[PDB]
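Architecture and fold: a report
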Amino acid sequence: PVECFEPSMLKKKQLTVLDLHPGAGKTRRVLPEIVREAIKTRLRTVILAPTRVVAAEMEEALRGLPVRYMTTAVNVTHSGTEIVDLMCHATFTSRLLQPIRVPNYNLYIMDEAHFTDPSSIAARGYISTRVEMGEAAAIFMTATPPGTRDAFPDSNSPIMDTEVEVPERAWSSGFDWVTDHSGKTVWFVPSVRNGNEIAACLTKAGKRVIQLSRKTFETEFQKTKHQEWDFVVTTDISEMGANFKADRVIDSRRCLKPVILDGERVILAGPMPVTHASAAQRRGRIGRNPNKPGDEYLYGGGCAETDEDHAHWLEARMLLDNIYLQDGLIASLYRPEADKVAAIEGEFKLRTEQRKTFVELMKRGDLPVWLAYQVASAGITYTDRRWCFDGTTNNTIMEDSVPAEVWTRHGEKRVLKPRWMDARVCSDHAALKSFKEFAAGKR
(Lines give C-alpha, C1' and ligand atoms only; values in the text may rest on other atoms or scores of the structure.)
Protein backbone atom coordinates (compact mmCIF):
# COMPACT_ATOMS: atom_id res chain seq x y z
CA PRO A 1 0.00 0.00 0.00
CA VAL A 2 1.01 3.66 -0.49
CA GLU A 3 0.67 6.70 1.75
CA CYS A 4 0.95 9.56 -0.77
CA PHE A 5 -0.66 10.30 -4.14
CA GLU A 6 1.18 10.36 -7.47
CA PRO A 7 -0.31 11.16 -10.92
CA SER A 8 1.11 7.77 -11.94
CA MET A 9 -1.76 6.11 -10.08
CA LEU A 10 -4.39 7.44 -12.49
CA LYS A 11 -3.26 5.30 -15.43
CA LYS A 12 -5.42 2.35 -16.49
CA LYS A 13 -4.77 -1.02 -14.78
CA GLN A 14 -3.59 0.76 -11.62
CA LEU A 15 -5.30 -0.10 -8.35
CA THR A 16 -3.74 1.73 -5.42
CA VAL A 17 -4.60 1.37 -1.76
CA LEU A 18 -3.89 4.67 -0.10
CA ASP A 19 -3.66 3.62 3.51
CA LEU A 20 -2.82 6.28 6.04
CA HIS A 21 -4.02 7.21 9.61
CA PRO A 22 -7.17 9.03 10.93
CA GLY A 23 -6.82 12.78 10.51
CA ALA A 24 -3.85 12.73 8.14
CA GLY A 25 -5.97 14.73 5.71
CA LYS A 26 -7.34 12.02 3.41
CA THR A 27 -10.43 14.03 2.45
CA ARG A 28 -9.01 17.46 3.30
CA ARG A 29 -5.71 17.53 1.37
CA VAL A 30 -5.20 14.30 -0.60
CA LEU A 31 -8.64 13.96 -2.19
CA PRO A 32 -8.59 17.46 -3.74
CA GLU A 33 -5.13 16.65 -5.14
CA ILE A 34 -6.48 13.60 -6.95
CA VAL A 35 -9.60 15.39 -8.18
CA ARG A 36 -7.60 18.36 -9.47
CA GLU A 37 -5.38 16.02 -11.48
CA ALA A 38 -8.39 14.09 -12.80
CA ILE A 39 -10.09 17.28 -14.00
CA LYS A 40 -6.88 18.63 -15.55
CA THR A 41 -6.41 15.42 -17.54
CA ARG A 42 -10.12 15.17 -18.41
CA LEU A 43 -10.40 11.75 -16.75
CA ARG A 44 -13.97 10.52 -16.21
CA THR A 45 -14.06 9.96 -12.47
CA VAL A 46 -16.44 8.89 -9.72
CA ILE A 47 -15.86 9.61 -6.03
CA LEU A 48 -17.54 7.13 -3.70
CA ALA A 49 -18.45 8.24 -0.18
CA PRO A 50 -19.54 5.69 2.44
CA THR A 51 -22.29 7.99 3.75
CA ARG A 52 -24.10 11.24 3.01
CA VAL A 53 -22.29 12.69 6.02
CA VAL A 54 -18.94 12.06 4.32
CA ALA A 55 -20.33 13.28 1.00
CA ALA A 56 -21.12 16.65 2.56
CA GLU A 57 -17.68 16.75 4.18
CA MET A 58 -16.15 16.09 0.76
CA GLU A 59 -18.07 19.00 -0.75
CA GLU A 60 -16.38 21.36 1.69
CA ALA A 61 -12.95 20.03 0.76
CA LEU A 62 -13.78 20.11 -2.96
CA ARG A 63 -15.34 23.58 -3.11
CA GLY A 64 -14.14 25.45 -6.19
CA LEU A 65 -13.52 22.19 -8.03
CA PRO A 66 -16.13 21.13 -10.61
CA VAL A 67 -17.91 18.09 -9.17
CA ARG A 68 -21.36 16.71 -9.98
CA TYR A 69 -22.80 15.76 -6.60
CA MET A 70 -25.28 12.96 -7.13
CA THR A 71 -26.55 12.96 -3.56
CA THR A 72 -29.24 14.91 -1.71
CA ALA A 73 -26.67 15.71 0.98
CA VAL A 74 -25.24 18.54 -1.12
CA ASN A 75 -26.77 21.67 -2.66
CA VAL A 76 -26.12 21.25 -6.39
CA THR A 77 -25.99 23.84 -9.18
CA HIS A 78 -25.51 23.92 -12.96
CA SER A 79 -23.28 22.22 -14.46
CA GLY A 80 -21.08 22.74 -17.51
CA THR A 81 -18.25 20.46 -16.50
CA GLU A 82 -18.96 16.74 -16.74
CA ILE A 83 -15.79 15.03 -15.54
CA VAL A 84 -16.10 14.05 -11.88
CA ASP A 85 -19.17 12.52 -10.24
CA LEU A 86 -19.68 11.99 -6.52
CA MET A 87 -22.14 9.59 -4.92
CA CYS A 88 -22.47 7.15 -2.03
CA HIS A 89 -21.25 3.53 -2.14
CA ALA A 90 -24.83 2.23 -1.99
CA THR A 91 -26.04 4.60 -4.71
CA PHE A 92 -23.24 3.46 -7.02
CA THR A 93 -24.06 -0.23 -6.58
CA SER A 94 -27.84 0.27 -6.70
CA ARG A 95 -27.54 2.08 -10.01
CA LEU A 96 -25.39 -0.71 -11.45
CA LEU A 97 -28.25 -3.07 -10.56
CA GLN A 98 -30.84 -0.82 -12.23
CA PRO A 99 -31.52 -0.31 -15.97
CA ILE A 100 -30.25 3.28 -15.69
CA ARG A 101 -26.99 4.14 -17.41
CA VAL A 102 -23.81 4.35 -15.35
CA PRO A 103 -20.78 5.95 -17.06
CA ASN A 104 -17.79 3.70 -17.73
CA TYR A 105 -15.61 5.71 -15.35
CA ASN A 106 -11.89 5.51 -16.07
CA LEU A 107 -11.07 6.39 -12.47
CA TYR A 108 -12.74 5.14 -9.30
CA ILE A 109 -11.99 6.82 -5.97
CA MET A 110 -13.47 4.93 -3.04
CA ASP A 111 -13.35 6.61 0.35
CA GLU A 112 -13.32 4.32 3.39
CA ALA A 113 -12.64 1.35 1.14
CA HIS A 114 -12.80 -1.15 3.99
CA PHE A 115 -16.53 -0.53 4.57
CA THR A 116 -18.09 -4.00 4.75
CA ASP A 117 -21.66 -3.07 3.83
CA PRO A 118 -22.72 -5.51 1.06
CA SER A 119 -23.05 -2.64 -1.43
CA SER A 120 -19.49 -1.53 -0.67
CA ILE A 121 -18.01 -5.02 -0.98
CA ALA A 122 -19.85 -5.46 -4.28
CA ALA A 123 -18.64 -2.07 -5.49
CA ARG A 124 -15.02 -3.03 -4.79
CA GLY A 125 -15.54 -6.25 -6.71
CA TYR A 126 -16.93 -4.38 -9.71
CA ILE A 127 -14.20 -1.73 -9.57
CA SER A 128 -11.30 -4.15 -9.10
CA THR A 129 -12.58 -6.25 -12.00
CA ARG A 130 -12.79 -3.19 -14.25
CA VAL A 131 -9.22 -2.28 -13.32
CA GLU A 132 -8.00 -5.83 -13.99
CA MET A 133 -9.72 -5.78 -17.39
CA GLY A 134 -7.64 -2.68 -18.06
CA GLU A 135 -10.60 -0.35 -18.45
CA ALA A 136 -9.98 1.90 -15.45
CA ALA A 137 -7.75 2.98 -12.59
CA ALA A 138 -8.79 2.86 -8.94
CA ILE A 139 -7.78 4.41 -5.65
CA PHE A 140 -8.96 2.72 -2.46
CA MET A 141 -8.63 5.08 0.51
CA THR A 142 -8.65 3.46 3.95
CA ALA A 143 -6.58 3.38 7.14
CA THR A 144 -7.24 -0.35 7.28
CA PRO A 145 -6.71 -2.25 3.99
CA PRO A 146 -8.88 -5.40 3.76
CA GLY A 147 -7.02 -8.21 5.52
CA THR A 148 -4.91 -6.11 7.89
CA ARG A 149 -3.91 -7.70 11.21
CA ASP A 150 -2.85 -4.42 12.81
CA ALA A 151 -5.35 -3.26 15.44
CA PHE A 152 -2.95 -0.54 16.61
CA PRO A 153 -1.78 1.54 13.63
CA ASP A 154 -0.03 4.92 13.86
CA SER A 155 -1.94 8.07 14.81
CA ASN A 156 -1.53 11.86 14.68
CA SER A 157 -1.20 11.79 18.45
CA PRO A 158 0.06 9.31 21.10
CA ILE A 159 -2.65 6.87 22.20
CA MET A 160 -2.88 5.10 25.56
CA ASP A 161 -3.95 1.51 24.88
CA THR A 162 -5.38 -0.44 27.82
CA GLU A 163 -7.16 -3.79 27.89
CA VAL A 164 -9.91 -3.85 30.52
CA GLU A 165 -13.16 -5.60 31.33
CA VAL A 166 -15.83 -3.66 29.47
CA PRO A 167 -19.44 -3.93 30.69
CA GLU A 168 -22.08 -4.95 28.14
CA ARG A 169 -24.95 -4.56 30.59
CA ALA A 170 -26.10 -2.02 33.16
CA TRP A 171 -23.79 -1.96 36.18
CA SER A 172 -24.03 -0.92 39.83
CA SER A 173 -20.34 -1.30 40.68
CA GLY A 174 -16.95 -2.47 39.45
CA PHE A 175 -16.53 0.08 36.65
CA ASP A 176 -15.85 3.43 38.33
CA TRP A 177 -13.36 4.35 35.61
CA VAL A 178 -16.24 4.60 33.13
CA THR A 179 -18.06 7.39 34.97
CA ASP A 180 -15.01 8.91 36.70
CA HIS A 181 -14.12 10.61 33.42
CA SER A 182 -14.64 14.31 32.74
CA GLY A 183 -13.84 14.12 29.03
CA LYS A 184 -15.94 12.89 26.12
CA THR A 185 -16.19 9.18 25.31
CA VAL A 186 -17.11 7.18 22.22
CA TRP A 187 -18.36 3.74 23.26
CA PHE A 188 -18.69 0.91 20.72
CA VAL A 189 -21.33 -1.58 21.87
CA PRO A 190 -22.21 -5.10 20.62
CA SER A 191 -25.76 -4.09 19.60
CA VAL A 192 -28.46 -1.42 19.65
CA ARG A 193 -30.23 -3.26 22.47
CA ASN A 194 -27.03 -3.41 24.51
CA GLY A 195 -26.45 0.26 23.75
CA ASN A 196 -29.91 1.13 25.06
CA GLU A 197 -29.19 -0.58 28.38
CA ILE A 198 -25.76 1.03 28.74
CA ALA A 199 -27.14 4.45 27.78
CA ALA A 200 -29.87 4.18 30.41
CA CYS A 201 -27.26 3.25 33.01
CA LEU A 202 -25.05 6.19 32.04
CA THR A 203 -28.01 8.59 31.99
CA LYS A 204 -29.01 7.45 35.48
CA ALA A 205 -25.45 8.28 36.53
CA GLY A 206 -26.02 11.82 35.28
CA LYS A 207 -24.28 11.52 31.91
CA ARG A 208 -25.49 13.05 28.65
CA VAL A 209 -25.70 10.26 26.09
CA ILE A 210 -26.25 10.21 22.33
CA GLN A 211 -27.01 6.85 20.74
CA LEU A 212 -26.10 5.99 17.15
CA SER A 213 -26.68 2.98 14.92
CA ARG A 214 -25.94 2.21 11.27
CA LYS A 215 -29.53 3.11 10.41
CA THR A 216 -29.94 6.25 12.54
CA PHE A 217 -26.49 7.60 11.70
CA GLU A 218 -27.24 9.79 8.67
CA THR A 219 -29.91 11.81 10.48
CA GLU A 220 -28.70 11.76 14.09
CA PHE A 221 -24.89 11.97 13.85
CA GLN A 222 -25.21 15.75 13.53
CA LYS A 223 -26.45 15.88 17.13
CA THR A 224 -22.91 15.01 18.22
CA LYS A 225 -21.75 18.18 16.47
CA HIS A 226 -24.50 20.49 17.73
CA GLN A 227 -25.42 19.50 21.30
CA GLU A 228 -23.53 18.81 24.53
CA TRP A 229 -22.69 15.18 25.29
CA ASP A 230 -20.50 13.06 27.56
CA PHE A 231 -20.98 9.73 25.79
CA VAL A 232 -21.70 8.59 22.27
CA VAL A 233 -22.99 5.03 22.53
CA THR A 234 -22.86 3.45 19.11
CA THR A 235 -22.67 0.34 16.97
CA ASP A 236 -19.87 0.22 14.39
CA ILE A 237 -20.11 3.60 12.64
CA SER A 238 -16.32 3.88 12.48
CA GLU A 239 -16.01 4.34 8.72
CA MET A 240 -19.26 6.23 8.16
CA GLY A 241 -17.67 9.64 8.70
CA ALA A 242 -17.78 9.35 12.46
CA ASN A 243 -15.51 12.24 13.41
CA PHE A 244 -15.80 13.19 17.08
CA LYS A 245 -14.22 15.69 19.44
CA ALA A 246 -13.37 13.06 22.05
CA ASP A 247 -10.48 11.97 24.27
CA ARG A 248 -11.55 8.39 24.98
CA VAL A 249 -12.87 5.32 23.19
CA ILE A 250 -14.41 2.37 25.00
CA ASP A 251 -14.48 -0.69 22.76
CA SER A 252 -16.14 -4.00 23.61
CA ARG A 253 -14.52 -5.27 20.40
CA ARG A 254 -17.56 -7.48 19.96
CA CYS A 255 -20.41 -7.43 17.46
CA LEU A 256 -23.61 -9.28 16.68
CA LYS A 257 -23.15 -11.12 13.40
CA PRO A 258 -25.89 -12.02 10.93
CA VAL A 259 -25.33 -15.67 10.04
CA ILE A 260 -27.11 -17.84 7.49
CA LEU A 261 -28.18 -21.05 9.23
CA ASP A 262 -28.79 -24.21 7.17
CA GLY A 263 -29.12 -21.92 4.15
CA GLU A 264 -32.73 -21.22 5.10
CA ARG A 265 -32.66 -18.40 7.66
CA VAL A 266 -30.54 -15.60 9.11
CA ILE A 267 -29.84 -15.46 12.84
CA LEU A 268 -27.90 -12.88 14.82
CA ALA A 269 -25.03 -14.81 16.35
CA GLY A 270 -22.65 -13.83 19.12
CA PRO A 271 -21.63 -11.18 19.99
CA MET A 272 -18.32 -12.25 18.42
CA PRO A 273 -14.85 -10.64 18.21
CA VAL A 274 -14.42 -7.87 15.64
CA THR A 275 -11.68 -7.86 13.00
CA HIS A 276 -8.33 -6.12 13.51
CA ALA A 277 -9.43 -3.56 10.93
CA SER A 278 -12.65 -2.86 12.83
CA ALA A 279 -10.77 -2.44 16.12
CA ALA A 280 -8.25 -0.16 14.42
CA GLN A 281 -11.04 1.98 12.97
CA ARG A 282 -12.76 2.28 16.36
CA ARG A 283 -9.50 3.18 18.08
CA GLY A 284 -8.99 5.63 15.22
CA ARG A 285 -11.78 7.86 16.52
CA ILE A 286 -9.20 9.31 18.91
CA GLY A 287 -5.50 10.19 18.83
CA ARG A 288 -6.34 12.70 16.11
CA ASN A 289 -5.15 15.91 17.76
CA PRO A 290 -1.36 16.37 18.14
CA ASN A 291 -2.07 19.10 20.71
CA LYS A 292 -3.84 16.49 22.85
CA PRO A 293 -1.53 13.52 23.40
CA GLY A 294 -2.75 10.67 25.58
CA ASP A 295 -6.25 9.93 24.32
CA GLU A 296 -7.39 6.62 25.79
CA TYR A 297 -8.39 3.46 23.96
CA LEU A 298 -9.89 1.00 26.44
CA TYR A 299 -10.78 -2.35 24.86
CA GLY A 300 -12.50 -5.44 26.23
CA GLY A 301 -11.04 -8.38 24.32
CA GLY A 302 -9.18 -9.70 21.30
CA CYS A 303 -9.71 -9.58 17.54
CA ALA A 304 -10.39 -12.32 15.00
CA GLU A 305 -10.36 -12.50 11.20
CA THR A 306 -12.78 -15.42 11.05
CA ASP A 307 -15.73 -13.40 9.74
CA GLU A 308 -16.71 -15.65 6.82
CA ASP A 309 -19.91 -16.51 8.70
CA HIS A 310 -21.05 -12.90 8.32
CA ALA A 311 -23.86 -12.74 5.78
CA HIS A 312 -22.54 -9.58 4.10
CA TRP A 313 -20.03 -11.60 2.06
CA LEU A 314 -22.69 -13.73 0.37
CA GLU A 315 -24.99 -10.71 0.11
CA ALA A 316 -22.18 -8.99 -1.77
CA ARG A 317 -22.13 -11.92 -4.20
CA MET A 318 -25.90 -11.63 -4.62
CA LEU A 319 -25.45 -8.00 -5.63
CA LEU A 320 -22.47 -8.56 -7.91
CA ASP A 321 -24.20 -11.46 -9.69
CA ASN A 322 -26.83 -8.97 -10.84
CA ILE A 323 -24.41 -6.36 -12.20
CA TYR A 324 -23.62 -6.39 -15.92
CA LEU A 325 -20.07 -5.83 -17.18
CA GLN A 326 -19.84 -7.64 -20.50
CA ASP A 327 -21.50 -10.69 -22.06
CA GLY A 328 -21.03 -13.83 -19.97
CA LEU A 329 -18.74 -12.02 -17.54
CA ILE A 330 -19.49 -11.63 -13.84
CA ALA A 331 -17.19 -9.54 -11.66
CA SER A 332 -15.10 -11.20 -8.97
CA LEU A 333 -14.82 -9.89 -5.43
CA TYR A 334 -11.82 -7.71 -4.60
CA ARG A 335 -8.93 -10.18 -4.22
CA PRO A 336 -8.32 -9.70 -0.47
CA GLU A 337 -12.03 -10.42 0.06
CA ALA A 338 -12.44 -13.20 -2.52
CA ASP A 339 -11.82 -16.06 -0.07
CA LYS A 340 -14.64 -14.91 2.21
CA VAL A 341 -17.51 -16.67 0.45
CA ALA A 342 -18.31 -20.11 -0.93
CA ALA A 343 -20.56 -19.62 -3.96
CA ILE A 344 -21.19 -20.66 -7.54
CA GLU A 345 -20.38 -17.83 -9.94
CA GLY A 346 -23.64 -16.32 -11.18
CA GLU A 347 -25.94 -18.48 -9.06
CA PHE A 348 -27.73 -15.38 -7.75
CA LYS A 349 -28.26 -13.79 -11.17
CA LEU A 350 -31.91 -12.83 -11.57
CA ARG A 351 -33.88 -12.19 -14.75
CA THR A 352 -34.95 -8.61 -15.54
CA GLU A 353 -38.28 -8.46 -13.70
CA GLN A 354 -37.11 -10.32 -10.60
CA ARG A 355 -34.01 -8.12 -10.42
CA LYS A 356 -36.24 -5.03 -10.37
CA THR A 357 -38.18 -6.54 -7.47
CA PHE A 358 -34.89 -7.43 -5.77
CA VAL A 359 -33.80 -3.79 -6.03
CA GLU A 360 -37.10 -2.31 -4.81
CA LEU A 361 -37.23 -4.72 -1.86
CA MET A 362 -33.79 -3.49 -0.80
CA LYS A 363 -34.40 0.21 -1.44
CA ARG A 364 -38.01 1.20 -0.73
CA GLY A 365 -38.65 -2.05 1.13
CA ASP A 366 -35.50 -1.53 3.21
CA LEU A 367 -35.07 -5.29 3.61
CA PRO A 368 -31.69 -7.00 4.11
CA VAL A 369 -30.07 -8.20 0.87
CA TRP A 370 -30.46 -11.89 1.76
CA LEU A 371 -34.16 -11.54 2.58
CA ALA A 372 -34.87 -9.41 -0.49
CA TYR A 373 -33.23 -12.09 -2.63
CA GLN A 374 -35.37 -14.90 -1.20
CA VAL A 375 -38.57 -13.01 -1.99
CA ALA A 376 -37.53 -11.76 -5.43
CA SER A 377 -36.19 -15.13 -6.59
CA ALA A 378 -39.49 -16.71 -5.53
CA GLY A 379 -41.24 -14.66 -8.21
CA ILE A 380 -43.12 -12.55 -5.67
CA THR A 381 -43.99 -8.99 -6.73
CA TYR A 382 -43.04 -6.09 -4.46
CA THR A 383 -46.45 -5.23 -3.00
CA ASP A 384 -47.47 -8.87 -2.49
CA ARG A 385 -46.99 -9.30 1.27
CA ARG A 386 -48.59 -12.74 1.65
CA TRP A 387 -45.14 -14.23 2.33
CA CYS A 388 -44.97 -12.23 5.56
CA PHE A 389 -47.59 -14.49 7.13
CA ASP A 390 -47.33 -17.98 5.60
CA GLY A 391 -44.05 -19.11 7.15
CA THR A 392 -43.47 -22.14 9.36
CA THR A 393 -44.20 -22.04 13.10
CA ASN A 394 -40.54 -21.49 14.00
CA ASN A 395 -40.58 -18.34 11.87
CA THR A 396 -43.01 -16.60 14.23
CA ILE A 397 -41.78 -13.13 15.21
CA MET A 398 -42.04 -12.18 18.88
CA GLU A 399 -42.80 -8.79 20.40
CA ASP A 400 -42.59 -8.64 24.21
CA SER A 401 -42.67 -12.43 24.70
CA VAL A 402 -45.84 -12.66 22.59
CA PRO A 403 -46.29 -13.31 18.83
CA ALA A 404 -46.26 -10.02 16.91
CA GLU A 405 -49.43 -9.12 15.01
CA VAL A 406 -50.29 -6.59 12.32
CA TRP A 407 -53.45 -5.29 10.70
CA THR A 408 -52.94 -6.42 7.11
CA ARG A 409 -53.86 -4.60 3.91
CA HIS A 410 -56.74 -7.07 3.53
CA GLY A 411 -58.33 -5.87 6.77
CA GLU A 412 -57.22 -8.86 8.82
CA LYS A 413 -55.19 -9.29 11.99
CA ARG A 414 -52.45 -11.84 11.35
CA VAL A 415 -49.47 -13.24 13.25
CA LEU A 416 -46.17 -11.97 11.85
CA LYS A 417 -44.68 -15.18 10.45
CA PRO A 418 -42.45 -14.58 7.39
CA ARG A 419 -41.80 -17.40 4.92
CA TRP A 420 -38.13 -16.50 5.21
CA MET A 421 -36.81 -15.52 8.63
CA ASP A 422 -34.12 -12.85 8.88
CA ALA A 423 -33.38 -11.79 12.47
CA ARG A 424 -32.31 -8.33 11.27
CA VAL A 425 -35.93 -7.27 10.67
CA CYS A 426 -36.78 -7.65 14.36
CA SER A 427 -33.49 -7.21 16.22
CA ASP A 428 -34.70 -4.04 17.94
CA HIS A 429 -37.78 -1.87 18.44
CA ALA A 430 -37.08 0.34 15.40
CA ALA A 431 -36.41 -2.66 13.16
CA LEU A 432 -39.56 -4.52 14.20
CA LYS A 433 -41.62 -1.35 13.77
CA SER A 434 -40.30 -1.02 10.22
CA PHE A 435 -41.01 -4.64 9.30
CA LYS A 436 -44.53 -4.57 10.75
CA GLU A 437 -45.25 -1.54 8.59
CA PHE A 438 -43.82 -3.43 5.60
CA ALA A 439 -45.93 -6.50 6.37
CA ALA A 440 -49.00 -4.26 6.63
CA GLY A 441 -48.24 -2.89 3.17
CA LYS A 442 -47.55 0.64 4.41
CA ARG A 443 -44.59 1.03 2.04
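This entry, as listed in the PDB, derives from X-ray crystallography and reports a resolution of 1.796 Å.

Counting its secondary structure elements, the chain contains 13 helices and 18 strands. Whereas a compact globule of 443 residues would reach a radius of gyration of roughly 22 Å, the chain reaches 22 Å, a difference of no more than 12%. Seen through its C-alpha atoms, the chain measures out along the principal axes to roughly 60 × 60 × 40 Å. In the chain, 70% of the contacts between residues at least 6 apart in sequence involve partners at least 24 apart.

Quick look at the domain arrangement of the chain now. Split by domain assignment, the chain resolves into domain 1 (1-148 + 307-344), domain 2 (149-255 + 271-306) and domain 3 (256-270 + 345-443). Once you take the C-alpha centre of each, domain 1 and domain 3 turn out to be 30 Å apart. Taken together, the contact between domain 1 and domain 3 spans 19 residues of the former and 21 residues of the latter. Between domain 1 and domain 3, the buried area comes to about 1,900 Å², and carbon and sulfur atoms account for 64% of it. Considering only the surface of domain 1 that becomes buried against domain 3, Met318, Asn322 and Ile344 emerge as the three largest contributors, covering 31% of it.

Tallied over the full model, the rule gives 26 salt bridges. Salt-bridge contacts for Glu59 lead to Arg63; the nearest nitrogen and oxygen are separated by 3.0 Å. A relative accessible area of 15% means that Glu59 is categorised as buried. Where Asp251 meets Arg282, a salt bridge forms, and the shortest distance between an N and an O atom there is 2.8 Å. Note that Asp251 is positioned in strand β11 (residues 248-251) and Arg282 in helix α9 (residues 276-283), a separation of 31 residues in sequence. Taking relative accessible area as the criterion, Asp251 reaches 0% and is therefore assigned buried. Judged by relative accessible area, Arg282 falls into the buried class, the value being 2%.

A word on the sheet that holds strand β1 (residues 15-18). The six strands lie next to each other as β1-β6-β5-β2-β4-β3, forming an open sheet whose pairing is parallel. In this open sheet, the two strands that pair with only one neighbour each are β1 and β3 (68-69). By the bridge criterion, five bridges tie strand β2 (residues 45-49) to strand β4 (residues 84-88) in an arrangement that is parallel. Pairing of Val46 across the sheet is with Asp85, part of β4.

In this section: the environment of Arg282. The spacing of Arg282 and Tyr297 is 15 residues in sequence and 8.9 Å in space, taken between C-alpha atoms. When near neighbours in sequence (up to four residues on either side) are disregarded, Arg282 contacts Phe188, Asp236, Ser238, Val249, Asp251, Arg253, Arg254, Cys255, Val274 and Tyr297. Here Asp251 takes part through its side chain, which lies 2.8 Å from a polar atom of the side chain of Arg282.

On to the packing of aromatic side chains. Under the defined criterion, the tally for this structure stands at 21 aromatic pairs. With a centroid separation of 5.4 Å and 15° between ring planes, the pair formed by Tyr297 and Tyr299 is classed as stacked. Owing to a relative accessible area of 0%, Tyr297 belongs among the buried residues under this scheme. For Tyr299, a relative accessible area of 12% translates into the label buried.

Rules used throughout
Residues numbered from 1 in each chain as written, not as in the entry; some residues may be left out. Heavy atoms only, no water. Residues with missing side-chain atoms left out of burial classes, pairs and counts. Helix = DSSP H or I, 4+ residues; strand = E, 2+ residues; numbered from the N terminus. Rg over C-alpha atoms; globule rule 2.2 N^0.38 Å. Contact = heavy atoms within 4.5 Å. Domains from an automatic or database assignment. Buried area = accessible area lost by both parts, 1.4 Å probe. Salt bridge = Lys/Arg side-chain N within 4 Å of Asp/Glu carboxyl O. Buried < 20%, exposed > 50% of the residue type's maximum accessible area, 1.4 Å probe, protein only. Pairing = 2+ DSSP bridges. Polar contact = N/O pair within 3.5 Å; in protein donor to acceptor, adjacent residues only side chain to side chain. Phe/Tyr/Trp six-rings, centres within 6.5 Å; stacked < 30°, edge-to-face > 60°.

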